[PDB]
$ cat structure-v6.txt   # compact mmCIF, C-alpha atoms and all ligand atoms
# COMPACT_ATOMS: atom_id res chain seq x y z
CA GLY A 344 -86.74 -10.72 -11.96
CA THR A 345 -86.13 -10.88 -15.72
CA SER A 346 -86.34 -7.14 -16.47
CA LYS A 347 -82.65 -6.30 -16.16
CA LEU A 348 -81.75 -9.39 -18.20
CA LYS A 349 -84.11 -8.33 -20.98
CA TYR A 350 -82.50 -4.89 -20.90
CA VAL A 351 -79.02 -6.39 -21.32
CA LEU A 352 -80.26 -8.57 -24.19
CA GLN A 353 -82.00 -5.72 -26.02
CA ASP A 354 -80.59 -5.47 -29.55
CA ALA A 355 -77.76 -7.86 -28.61
CA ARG A 356 -75.87 -10.20 -30.89
CA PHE A 357 -75.53 -13.88 -29.96
CA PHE A 358 -72.85 -16.47 -30.77
CA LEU A 359 -72.62 -20.17 -30.01
CA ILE A 360 -69.33 -21.13 -28.32
CA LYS A 361 -68.34 -24.80 -28.42
CA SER A 362 -65.70 -26.21 -26.06
CA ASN A 363 -64.09 -29.63 -26.36
CA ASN A 364 -63.86 -30.05 -22.57
CA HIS A 365 -65.41 -28.91 -19.30
CA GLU A 366 -62.05 -27.78 -17.90
CA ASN A 367 -61.85 -24.77 -20.20
CA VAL A 368 -65.40 -23.63 -19.41
CA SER A 369 -64.68 -23.96 -15.69
CA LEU A 370 -61.58 -21.81 -16.15
CA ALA A 371 -63.59 -19.25 -18.13
CA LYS A 372 -66.18 -19.09 -15.34
CA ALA A 373 -63.50 -18.63 -12.66
CA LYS A 374 -61.37 -16.05 -14.48
CA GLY A 375 -63.80 -14.21 -16.76
CA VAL A 376 -61.87 -14.97 -19.99
CA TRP A 377 -62.32 -16.87 -23.23
CA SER A 378 -60.17 -17.71 -26.23
CA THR A 379 -61.27 -19.11 -29.58
CA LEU A 380 -59.69 -20.05 -32.90
CA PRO A 381 -58.48 -17.20 -35.17
CA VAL A 382 -61.48 -17.25 -37.53
CA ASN A 383 -64.01 -16.82 -34.71
CA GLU A 384 -61.71 -14.39 -32.93
CA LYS A 385 -61.96 -12.08 -35.94
CA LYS A 386 -65.76 -12.41 -36.04
CA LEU A 387 -66.14 -11.62 -32.33
CA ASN A 388 -63.89 -8.55 -32.51
CA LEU A 389 -66.06 -7.22 -35.37
CA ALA A 390 -69.28 -7.96 -33.47
CA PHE A 391 -68.00 -6.28 -30.27
CA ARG A 392 -67.86 -2.90 -32.03
CA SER A 393 -71.23 -3.38 -33.75
CA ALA A 394 -73.64 -4.12 -30.89
CA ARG A 395 -74.52 -2.88 -27.42
CA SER A 396 -74.05 -6.45 -26.18
CA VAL A 397 -72.34 -9.52 -27.60
CA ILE A 398 -73.53 -12.67 -25.86
CA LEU A 399 -71.55 -15.91 -25.89
CA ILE A 400 -73.65 -19.02 -25.24
CA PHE A 401 -71.44 -21.92 -24.15
CA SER A 402 -71.82 -25.62 -24.86
CA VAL A 403 -69.29 -28.35 -24.02
CA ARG A 404 -69.00 -30.86 -26.85
CA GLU A 405 -70.86 -34.13 -26.21
CA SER A 406 -72.38 -32.75 -22.97
CA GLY A 407 -75.93 -32.42 -24.34
CA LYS A 408 -76.25 -29.06 -22.59
CA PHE A 409 -75.42 -25.39 -22.57
CA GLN A 410 -73.30 -24.38 -19.58
CA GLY A 411 -74.28 -20.71 -19.37
CA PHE A 412 -73.89 -17.40 -21.15
CA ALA A 413 -71.73 -14.31 -20.82
CA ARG A 414 -71.30 -10.87 -22.35
CA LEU A 415 -68.07 -9.73 -24.02
CA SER A 416 -66.51 -6.83 -22.14
CA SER A 417 -63.52 -6.34 -24.47
CA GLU A 418 -61.98 -7.13 -27.81
CA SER A 419 -59.33 -9.85 -27.79
CA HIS A 420 -55.94 -9.01 -26.28
CA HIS A 421 -52.51 -10.64 -26.35
CA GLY A 422 -49.44 -10.86 -24.17
CA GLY A 423 -51.21 -11.08 -20.82
CA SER A 424 -51.13 -14.09 -18.50
CA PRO A 425 -50.90 -17.31 -20.51
CA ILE A 426 -54.16 -19.00 -19.51
CA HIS A 427 -53.67 -22.71 -18.76
CA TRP A 428 -56.24 -24.04 -21.20
CA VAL A 429 -56.49 -27.78 -21.68
CA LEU A 430 -55.70 -28.12 -25.34
CA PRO A 431 -57.32 -30.73 -27.61
CA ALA A 432 -55.22 -32.75 -30.03
CA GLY A 433 -53.66 -30.74 -32.84
CA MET A 434 -54.25 -27.50 -30.91
CA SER A 435 -51.47 -25.13 -29.84
CA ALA A 436 -51.40 -22.29 -27.34
CA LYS A 437 -50.56 -19.86 -30.16
CA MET A 438 -53.87 -20.80 -31.80
CA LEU A 439 -55.75 -19.90 -28.60
CA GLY A 440 -53.70 -16.74 -28.07
CA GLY A 441 -55.94 -13.71 -27.94
CA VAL A 442 -57.96 -13.35 -24.74
CA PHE A 443 -61.41 -11.81 -24.49
CA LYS A 444 -62.69 -10.61 -21.14
CA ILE A 445 -66.27 -11.72 -20.41
CA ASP A 446 -68.89 -10.98 -17.74
CA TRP A 447 -71.03 -13.97 -16.88
CA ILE A 448 -74.78 -13.39 -17.01
CA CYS A 449 -75.77 -16.99 -16.16
CA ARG A 450 -73.52 -19.79 -14.96
CA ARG A 451 -76.36 -22.36 -14.84
CA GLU A 452 -76.85 -25.23 -17.28
CA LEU A 453 -79.67 -25.75 -19.79
CA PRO A 454 -80.26 -29.20 -21.36
CA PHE A 455 -80.70 -29.27 -25.15
CA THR A 456 -84.04 -31.00 -24.59
CA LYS A 457 -85.35 -27.69 -23.25
CA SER A 458 -84.44 -25.72 -26.42
CA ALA A 459 -85.87 -28.13 -28.99
CA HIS A 460 -88.57 -25.59 -29.95
CA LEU A 461 -85.99 -22.92 -30.95
CA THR A 462 -84.52 -22.81 -34.46
CA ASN A 463 -81.77 -20.55 -35.77
CA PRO A 464 -82.50 -18.70 -39.06
CA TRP A 465 -78.75 -18.23 -39.58
CA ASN A 466 -78.15 -22.01 -39.57
CA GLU A 467 -80.94 -23.14 -41.94
CA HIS A 468 -83.52 -23.20 -39.09
CA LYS A 469 -81.79 -26.15 -37.46
CA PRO A 470 -82.34 -26.48 -33.70
CA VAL A 471 -80.29 -23.83 -31.94
CA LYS A 472 -78.17 -26.54 -30.26
CA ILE A 473 -76.75 -27.30 -33.74
CA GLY A 474 -73.86 -25.17 -34.92
CA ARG A 475 -70.12 -24.88 -35.11
CA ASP A 476 -68.03 -22.80 -32.74
CA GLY A 477 -68.81 -19.17 -33.53
CA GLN A 478 -72.17 -19.76 -35.22
CA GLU A 479 -74.22 -16.58 -34.96
CA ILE A 480 -77.71 -16.98 -33.48
CA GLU A 481 -80.38 -14.58 -34.73
CA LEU A 482 -81.73 -12.01 -32.22
CA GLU A 483 -85.17 -13.48 -31.50
CA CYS A 484 -83.91 -17.06 -31.15
CA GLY A 485 -80.94 -16.02 -29.02
CA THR A 486 -83.15 -13.93 -26.75
CA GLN A 487 -85.59 -16.78 -26.22
CA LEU A 488 -82.72 -19.21 -25.62
CA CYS A 489 -81.18 -17.01 -22.93
CA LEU A 490 -84.58 -16.58 -21.26
CA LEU A 491 -84.87 -20.38 -20.94
CA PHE A 492 -81.92 -20.65 -18.57
CA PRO A 493 -82.63 -20.91 -14.84
CA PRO A 494 -82.11 -17.56 -13.11
CA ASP A 495 -78.63 -17.15 -11.63
CA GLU A 496 -79.38 -15.26 -8.42
CA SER A 497 -75.64 -15.06 -7.65
CA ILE A 498 -75.21 -12.40 -10.38
CA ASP A 499 -76.21 -8.73 -10.05
CA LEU A 500 -76.82 -7.36 -13.53
CA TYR A 501 -76.38 -3.77 -12.26
CA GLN A 502 -72.62 -3.70 -12.91
CA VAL A 503 -73.03 -5.33 -16.33
CA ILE A 504 -75.58 -2.66 -17.30
CA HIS A 505 -73.14 0.15 -16.46
CA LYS A 506 -70.54 -1.23 -18.89
CA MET A 507 -72.94 -0.68 -21.81
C1 LIG B 1 -60.52 -22.05 -24.78
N1 LIG B 1 -61.08 -22.21 -26.11
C2 LIG B 1 -61.48 -23.51 -26.56
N2 LIG B 1 -61.17 -24.64 -25.75
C3 LIG B 1 -61.57 -25.95 -26.18
CL1 LIG B 1 -61.20 -27.39 -25.18
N3 LIG B 1 -62.29 -26.13 -27.43
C4 LIG B 1 -62.60 -24.93 -28.28
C5 LIG B 1 -62.23 -23.69 -27.89
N4 LIG B 1 -62.64 -22.81 -28.83
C6 LIG B 1 -63.26 -23.52 -29.80
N5 LIG B 1 -63.23 -24.82 -29.46
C7 LIG B 1 -63.79 -25.93 -30.20
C8 LIG B 1 -62.75 -26.43 -31.20
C9 LIG B 1 -61.46 -27.08 -30.72
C10 LIG B 1 -60.44 -27.58 -31.75
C11 LIG B 1 -60.72 -27.43 -33.24
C12 LIG B 1 -62.02 -26.77 -33.71
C13 LIG B 1 -63.03 -26.28 -32.69
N6 LIG B 1 -64.27 -25.66 -33.11
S1 LIG B 1 -65.62 -26.67 -33.34
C14 LIG B 1 -65.23 -27.98 -34.54
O1 LIG B 1 -66.78 -25.88 -33.79
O2 LIG B 1 -66.10 -27.24 -32.08
$ encode --input "structure-v6.txt" --output "structure tokens" --more "lines below"
Ligand SMILES: CNc1nc(Cl)nc2c1ncn2Cc1ccccc1NS(C)(=O)=O
Amino acid sequence: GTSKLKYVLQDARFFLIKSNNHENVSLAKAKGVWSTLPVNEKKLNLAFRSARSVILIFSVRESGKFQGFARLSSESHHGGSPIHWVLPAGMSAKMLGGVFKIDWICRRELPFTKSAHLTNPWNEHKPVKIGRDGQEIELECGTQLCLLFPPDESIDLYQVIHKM
């Protein structure tokens, strides 16, 4: 059902994550990690201490879709395994250094056409699909967005709930 998901989302914070390519989102789904640019890395570290759950909602640039959502399980960390991200032009590995661990809540896609009725107060009430990497999504809009995704019956939210 949707009851455990609603519990995880209670009083959560939500952030839009934008990726230039599918390869990096596939790697994030396989390994449970994400890296972002230093400005957003600072914002996410602050949010992680401030909320029971910090939810990252992923969208690959030019895909017209969200590719799923995940909960931060840690602040960013350095020096571990260099993740083999595909880097866009003008992007170095030292800029994507700093690895967050994430627990996927939904690995299913949602087309932007399905979220056209949701606007984000923190981005001038533009449709929630609009935003830069790291754009915060207000609680009510983020909750409704996450509830639009198809259920991912391959995920048991029991272990996620314990980490709260
Ligand atoms: C593994 N982490 C990432 N991997 C990829 Cl391939 N792209 C990312 C990632 N993190 C943020 N981006 C988007 C981006 C790339 C370059 C310059 C600015 C921006 N941010 S923007 C204009 O809002 O889209």
$ residues_near_ligand --input "structure-v6.txt" --ligand "ligand LIG 1 (chain B)" --cutoff "12 Å" --atoms "all atoms listed in the file" --output "PDB file with C-alpha atoms, keeping the file's coordinate frame"
ATOM      1  CA  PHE A 358     -72.850 -16.470 -30.770  1.00  0.00           C
ATOM      2  CA  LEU A 359     -72.620 -20.170 -30.010  1.00  0.00           C
ATOM      3  CA  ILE A 360     -69.330 -21.130 -28.320  1.00  0.00           C
ATOM      4  CA  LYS A 361     -68.340 -24.800 -28.420  1.00  0.00           C
ATOM      5  CA  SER A 362     -65.700 -26.210 -26.060  1.00  0.00           C
ATOM      6  CA  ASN A 363     -64.090 -29.630 -26.360  1.00  0.00           C
ATOM      7  CA  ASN A 364     -63.860 -30.050 -22.570  1.00  0.00           C
ATOM      8  CA  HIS A 365     -65.410 -28.910 -19.300  1.00  0.00           C
ATOM      9  CA  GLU A 366     -62.050 -27.780 -17.900  1.00  0.00           C
ATOM     10  CA  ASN A 367     -61.850 -24.770 -20.200  1.00  0.00           C
ATOM     11  CA  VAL A 368     -65.400 -23.630 -19.410  1.00  0.00           C
ATOM     12  CA  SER A 369     -64.680 -23.960 -15.690  1.00  0.00           C
ATOM     13  CA  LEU A 370     -61.580 -21.810 -16.150  1.00  0.00           C
ATOM     14  CA  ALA A 371     -63.590 -19.250 -18.130  1.00  0.00           C
ATOM     15  CA  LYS A 372     -66.180 -19.090 -15.340  1.00  0.00           C
ATOM     16  CA  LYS A 374     -61.370 -16.050 -14.480  1.00  0.00           C
ATOM     17  CA  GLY A 375     -63.800 -14.210 -16.760  1.00  0.00           C
ATOM     18  CA  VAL A 376     -61.870 -14.970 -19.990  1.00  0.00           C
ATOM     19  CA  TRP A 377     -62.320 -16.870 -23.230  1.00  0.00           C
ATOM     20  CA  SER A 378     -60.170 -17.710 -26.230  1.00  0.00           C
ATOM     21  CA  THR A 379     -61.270 -19.110 -29.580  1.00  0.00           C
ATOM     22  CA  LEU A 380     -59.690 -20.050 -32.900  1.00  0.00           C
ATOM     23  CA  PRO A 381     -58.480 -17.200 -35.170  1.00  0.00           C
ATOM     24  CA  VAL A 382     -61.480 -17.250 -37.530  1.00  0.00           C
ATOM     25  CA  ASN A 383     -64.010 -16.820 -34.710  1.00  0.00           C
ATOM     26  CA  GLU A 384     -61.710 -14.390 -32.930  1.00  0.00           C
ATOM     27  CA  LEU A 399     -71.550 -15.910 -25.890  1.00  0.00           C
ATOM     28  CA  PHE A 401     -71.440 -21.920 -24.150  1.00  0.00           C
ATOM     29  CA  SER A 402     -71.820 -25.620 -24.860  1.00  0.00           C
ATOM     30  CA  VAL A 403     -69.290 -28.350 -24.020  1.00  0.00           C
ATOM     31  CA  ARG A 404     -69.000 -30.860 -26.850  1.00  0.00           C
ATOM     32  CA  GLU A 405     -70.860 -34.130 -26.210  1.00  0.00           C
ATOM     33  CA  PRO A 425     -50.900 -17.310 -20.510  1.00  0.00           C
ATOM     34  CA  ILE A 426     -54.160 -19.000 -19.510  1.00  0.00           C
ATOM     35  CA  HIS A 427     -53.670 -22.710 -18.760  1.00  0.00           C
ATOM     36  CA  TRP A 428     -56.240 -24.040 -21.200  1.00  0.00           C
ATOM     37  CA  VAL A 429     -56.490 -27.780 -21.680  1.00  0.00           C
ATOM     38  CA  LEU A 430     -55.700 -28.120 -25.340  1.00  0.00           C
ATOM     39  CA  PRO A 431     -57.320 -30.730 -27.610  1.00  0.00           C
ATOM     40  CA  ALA A 432     -55.220 -32.750 -30.030  1.00  0.00           C
ATOM     41  CA  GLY A 433     -53.660 -30.740 -32.840  1.00  0.00           C
ATOM     42  CA  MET A 434     -54.250 -27.500 -30.910  1.00  0.00           C
ATOM     43  CA  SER A 435     -51.470 -25.130 -29.840  1.00  0.00           C
ATOM     44  CA  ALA A 436     -51.400 -22.290 -27.340  1.00  0.00           C
ATOM     45  CA  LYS A 437     -50.560 -19.860 -30.160  1.00  0.00           C
ATOM     46  CA  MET A 438     -53.870 -20.800 -31.800  1.00  0.00           C
ATOM     47  CA  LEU A 439     -55.750 -19.900 -28.600  1.00  0.00           C
ATOM     48  CA  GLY A 440     -53.700 -16.740 -28.070  1.00  0.00           C
ATOM     49  CA  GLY A 441     -55.940 -13.710 -27.940  1.00  0.00           C
ATOM     50  CA  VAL A 442     -57.960 -13.350 -24.740  1.00  0.00           C
ATOM     51  CA  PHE A 443     -61.410 -11.810 -24.490  1.00  0.00           C
ATOM     52  CA  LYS A 472     -78.170 -26.540 -30.260  1.00  0.00           C
ATOM     53  CA  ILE A 473     -76.750 -27.300 -33.740  1.00  0.00           C
ATOM     54  CA  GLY A 474     -73.860 -25.170 -34.920  1.00  0.00           C
ATOM     55  CA  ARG A 475     -70.120 -24.880 -35.110  1.00  0.00           C
ATOM     56  CA  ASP A 476     -68.030 -22.800 -32.740  1.00  0.00           C
ATOM     57  CA  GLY A 477     -68.810 -19.170 -33.530  1.00  0.00           C
ATOM     58  CA  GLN A 478     -72.170 -19.760 -35.220  1.00  0.00           C
ATOM     59  CA  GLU A 479     -74.220 -16.580 -34.960  1.00  0.00           C
TER      60      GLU A 479
END
$ closest_residue --input "structure-v6.txt" --among "A:424, A:396, A:463, A:410" --to "residue 348 of chain A" --atoms "only C-alpha atoms"
A:396
$ atom_distance --input "structure-v6.txt" --atom1 "atom CA of residue 416 of chain A" --atom2 "atom CA of residue 446 of chain A"
6.5 Å
$ atom_distance --input "structure-v6.txt" --atom1 "atom CA of residue 499 of chain A" --atom2 "atom CA of residue 486 of chain A"
18.8 Å
$ residues_around --input "structure-v6.txt" --residues "residue 388 of chain A" --least-positions-apart "5" --cutoff "10 Å" --atoms "all atoms listed in the file" --output "VMD selection string"
chain A and resid 383 393 397 415 417 to 419 443
$ atom_distance --input "structure-v6.txt" --atom1 "atom CA of residue 455 of chain A" --atom2 "atom CA of residue 497 of chain A"
23.1 Å
$ residues_around --input "structure-v6.txt" --residues "residue 350 of chain A" --least-positions-apart "2" --cutoff "12 Å" --atoms "only C-alpha atoms" --output "VMD selection string"
chain A and resid 344 to 348 352 to 355 395 to 396 486 490 500 to 501 503 to 505 507
$ residues_around --input "structure-v6.txt" --residues "residue 412 of chain A" --least-positions-apart "4" --cutoff "7 Å" --atoms "all atoms listed in the file" --output "PyMOL selection string"
chain A and resi 398-401+447-450
$ closest_residue --input "structure-v6.txt" --among "A:494, A:423, A:485, A:464" --to "residue 452 of chain A" --atoms "only C-alpha atoms"
A:494
$ residues_around --input "structure-v6.txt" --residues "residue 462 of chain A" --least-positions-apart "6" --cutoff "10 Å" --atoms "only C-alpha atoms" --output "NGL selection string"
:A and (468-473 or 480-481 or 483-485 or 488)
$ axis_aligned_box --input "structure-v6.txt" --around "segment 365-377 of chain A" --padding-each-side "8 Å" --output "AutoDock Vina command-line options"
--center_x -63.8 --center_y -21.6 --center_z -17.9 --size_x 20.8 --size_y 30.7 --size_z 26.6
